[PDB]
Each structure stands twice: as C-alpha cells, then as structure tokens.
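Single chain ahead, by itself, as structure tokens, in the form deposited in one PDB entry.
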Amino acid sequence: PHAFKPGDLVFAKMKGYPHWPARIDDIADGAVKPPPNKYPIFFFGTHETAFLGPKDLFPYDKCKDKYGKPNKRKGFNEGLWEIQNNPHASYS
C-alpha cells in the first residue's frame, strides 16, 4: 500500500460533519502550496475543497460499507452518486 495520490477516492472527515465522499485533487493544477502532509480534497455533492492530512482520509473501497450510506446533510446524497458513478469528472 502506497501514499495518497491525485484521483484516490476517499471518505474525508472534518469536525461537525459525517465522513464525506471525496477525492484527492492535483495541486500541480491549482496555484496553491499545500501545508505540510496535507492534500487538496474535493468533496462530492457540495463541490467544496479543503486541505486534510491522512488521519482524516479513509480509502473508499475499504470504508464504503460503513460510510457509504445516505445522510440528510446538504449535498451528501448527491456526493454519494458522484463518487460511485463519475468520480473523476469535472465538477468545476
């Protein structure tokens, strides 16, 4: 098993939110230097971005049984559709 790379599918954990379907984005695409050992995360559904370290990143194939369940939070269910059906699309 390897370090996280752009295009990796995850659930990403932030405080006040459930584990959220997300992907690792490419930094070589932005014009922004990431904090040390943090990754640019794109959240499905909301189409928001944040920087998160590996402790908040849960690989999607391993964790979807547990986290890949409908939620009432705004964007979550759309985000589930997007990660399962077109995770690598332009949502921009």
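One-based numbering along the sequence shown.
Modelled in this chain, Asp65 is likewise built in all the other compared entries whose models extend past it on both sides, so a third of them omitting it does not occur. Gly30, present in the displayed chain, goes without coordinates in a third or more of the other PDB entries compared that cover both sides of it. The PDB entry records a higher mean C-alpha B factor for 25-33 than for its counterpart among 50-58 and 25-33. Among the modelled residues of its chain, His2 has a C-alpha B-factor that falls in the highest third according to the deposited record.
Looking at the C-alpha B-factors along this chain, the one for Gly16 belongs to the middle third. In this PDB entry, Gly79 carries a Cα temperature factor that places it within the lowest third of its chain's modelled residues.
The following text describes the form solved in complex with a small molecule, which does not appear among the structures shown.
For a residue to qualify, one of its non-hydrogen atoms must sit within 4.5 Å of the small molecule in the entry with it bound; all three of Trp20, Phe43 and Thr46 qualify.
Among residues of the shown chain, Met14 is one whose heavy atoms approach the small molecule to within 4.5 Å in the entry with it bound.
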